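Listed next as structure tokens is one chain, alone, in the form deposited in one PDB entry.
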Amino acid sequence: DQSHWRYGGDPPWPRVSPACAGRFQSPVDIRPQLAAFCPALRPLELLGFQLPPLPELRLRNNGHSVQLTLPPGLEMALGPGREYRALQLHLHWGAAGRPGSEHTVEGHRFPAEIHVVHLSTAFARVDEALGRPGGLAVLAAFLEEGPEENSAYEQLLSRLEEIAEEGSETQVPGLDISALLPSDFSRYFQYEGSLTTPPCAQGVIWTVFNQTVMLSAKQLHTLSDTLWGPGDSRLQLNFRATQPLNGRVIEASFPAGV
């Protein structure tokens, strides 16, 4: 099986996909004081993210996260000339007493992280974009613990019980995908990295919101303690360690220093 891997042990990821031994991998530790302010980095523009209930969307436990398949027509602009089509979103989380975001900020790990994965409009096929500079783009936001339930996230978290078993899937109504993300589109970090799971292909443009999304502690428990993974254990701690920068400069869309 050329396509099986897990978090927390063998097979080593470079054996699954040699590209996971690359020099420009994700995730990374973001150090705001050392991020370079770039004023050409304009507010992100999201088109078509406010979905009606029909058509419904596939929601699947793939053993590695819960993944929501997005319909056609969702467009994300990093800028004019950097236009992307959204494919799917999924999440990374921890466990009882343990945060599980993938990116960190000055070494701080947040409770969880949402990824929205996009294909550059240059491509008709995700597989052709793998490893090509700017072929894929991921929008990432941190999920922080707060006192109030997040109603937008409850639409998905309340359905995880239906897909607890690995490989199981269900259909959920369309929802406002942009309500899963922060409201500030103007403050973000941006750098070039990789997919954070095998095949770990490089050339991915990462955009990480500076503003967090708040979930209740009960919601974060629902996320991290409902799903089962490969080989009968709870799907938890499904994040990768941060990776060497190897000379990369993380850019900021706002003066990030103090």
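Numbering starts at 1 and runs along the sequence shown.
This protein has a second form, the form solved in complex with a small molecule, left out of what is shown; the following refers to that one.
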(Q) Within 4.5 Å, heavy atoms only, which of 157, 180, 117, 76 is in contact with the small molecule in the bound PDB entry? (A) 117
Q) Considering 224, 207, 197, 202, which brings a non-hydrogen atom within 4.5 Å of the small molecule in the bound PDB entry? A) 197
Q) If you check in the bound PDB entry, is residue 109 within 4.5 Å of the small molecule, heavy atoms only? A) no
**Q.** Close approach of residue 175 to the small molecule in the bound PDB entry, 4.5 Å, heavy atom
**A.** no
Q: Give a yes/no on whether residue 138 approaches the small molecule to within 4.5 Å in the bound PDB entry, heavy atoms considered.
A: yes
Q. Any of the heavy atoms of residue 126 lying within 4.5 Å of the small molecule in the bound PDB entry?
A. yes
